[PDB]
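A short worksheet on the structure shown next.
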């Protein structure tokens, strides 16, 4: 019936506070959702778990017997990353073979060299029911496994007690 | 003169670009906030740290002495997960008890069997000031701890030096 | 006729559902972006990796020889956190020095005390070609390294095989 005042329409039309722009609505429609933010956080967690499993998995290398020794059991060094070092756990049993039963029976790779300034000394069992058949084994700074004393040169010697850490070297 | 033109009111009411809908406002009010996204990221970080602490925690089991041996100190196998295997660290001291002082003194759980194709060999101390009282221990592929030779059957034998990686 | 009806203007002006407020618009402009949420997730991943790498790094402490023994090679305990415990890996070689060749040659720090109710028993190599020159070592509950028996008191004794877990703390 009655007509609207131009002033009232004008004030409404010029009230920018109660209207929007087309570009505003595109901006707001594109904002992140709670489900999208949670998916990204879930993926960060999954990536973290995968990185941890990778970092903490056990690695292995096979060692070749030297100086006439034989690998009566396969000579295997297993190792685990801890920070920028490795924990190295040797395994296997060496036999006299054609050598003397003494001396260097195997050498580990250079990246498994021990953190040490001279030989490290290990007590090892020999494969024997006589408890006097044990060994004094040196692990050298270049990672030679050097059998220095044995109860008997004719009895096999175990390497399963040789465990050590490497130097602080980025990897 | 002072009245508003119908053409002007009509163009305004049909400018959908500058107006919204109830559905728009519900959608926009429900969008993620900066603190809400940060809370979710913070929770992911806390969950990662908790998962790491759990995955690297030590588990323990007290072992049953076998073949007449006694647990002069409790025989405990402690173990840590690494990837798809465990690092196992045995502890305790066995006494002769009603047995001979040699043979299988304990067997670890099957899932802690060593990664090996034959026995693993360990030198062990006995509980003695005589250094000839030591022991040769074989850890079998079925995780038997077999004291195969000792300096003296009448002296206790330690298990604290047995450490190894399992299979799988 | 050509003029706008006051009822139609009034109805539009009173339709709050199709209009907004200044506060609405600040609320929506402040909302998180896909890029911003992804940056926060990326930082959570980077922080997790940094925490893991630090947490699993090896720590070291040098031990002082006691009771007249000497350190022919430095006595160093290296240790790794595993949950609420530590794995301790001892290293070094002790000599008789001015002592007797037996007894407590070194004590580890209190926070590296072993999880044990009595001594833990270790066989150690001596620096000798005679395999009868080995040692029985007791690690006490107070973390004393006690050389209880040796084949020869005049030959050095290695500590490189002593590995153990601490208590839950």
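Do the conditions hold for residue B:32, that is, is it farther than 30 Å from residue C:14 by Cβ, facing another protein chain (nearest Cβ under 7 Å) and surrounded by fewer than 17 Cβ atoms within 10 Å (Cβ to Cβ)? Working first, answer last.
Numbers: farther than 30 Å from residue C:14 by Cβ: yes; facing another protein chain (nearest Cβ under 7 Å): yes; surrounded by fewer than 17 Cβ atoms within 10 Å (Cβ to Cβ): no.
No.
Tell me, which residue of segment A:49-90 that is over 14 Å from the mean Cα position of the chain (by Cα) and in a loop (DSSP other than H, G, I, E, B) is surrounded by the most Cβ atoms within 10 Å (Cβ to Cβ)?
Among residues in segment A:49-90 that are over 14 Å from the mean Cα position of the chain (by Cα) and in a loop (DSSP other than H, G, I, E, B), the one surrounded by the most Cβ atoms within 10 Å (Cβ to Cβ) is A:69.
Identify the residue in segment C:128-148 that is surrounded by fewer than 21 Cβ atoms within 10 Å (Cβ to Cβ) and in contact (Cβ under 8 Å) with a residue 40 or more places away in the chain and, among all such residues, is farthest from the other protein chains (Cβ to nearest Cβ).
Ranking the qualifying residues of segment C:128-148, first place goes to C:144.
So how many residues does segment B:1-21 have that are surrounded by 12 or more Cβ atoms within 10 Å (Cβ to Cβ), at the interface with chain A (Cβ under 7 Å from one of its Cβ atoms) and over 60 Å from the mean Cα position of the chain (by Cα)?
Of the residues in segment B:1-21, 5 are surrounded by 12 or more Cβ atoms within 10 Å (Cβ to Cβ), at the interface with chain A (Cβ under 7 Å from one of its Cβ atoms) and over 60 Å from the mean Cα position of the chain (by Cα).
Would you list the strands (runs of 3 or more DSSP E) that sit entirely within segment C:99-169 and hold 3 or more residues that are closer than 19 Å to residue B:163 by Cα? Walk me through it before giving the result.
Values: elements: C:103-107, C:120-125, C:134-139, C:144-150, C:163-165.
Correct list: C:120-125, C:134-139, C:163-165.
Among the numbered criteria (1) in a strand (DSSP E or B); (2) at negative phi, which single criterion is violated by residue B:40?
(1)
Positions of Cβ are backbone-derived with ideal geometry, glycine not excepted, and every protein chain shown enters the neighbour counts. No value in this document is a laboratory result; all are computed from the given coordinates.
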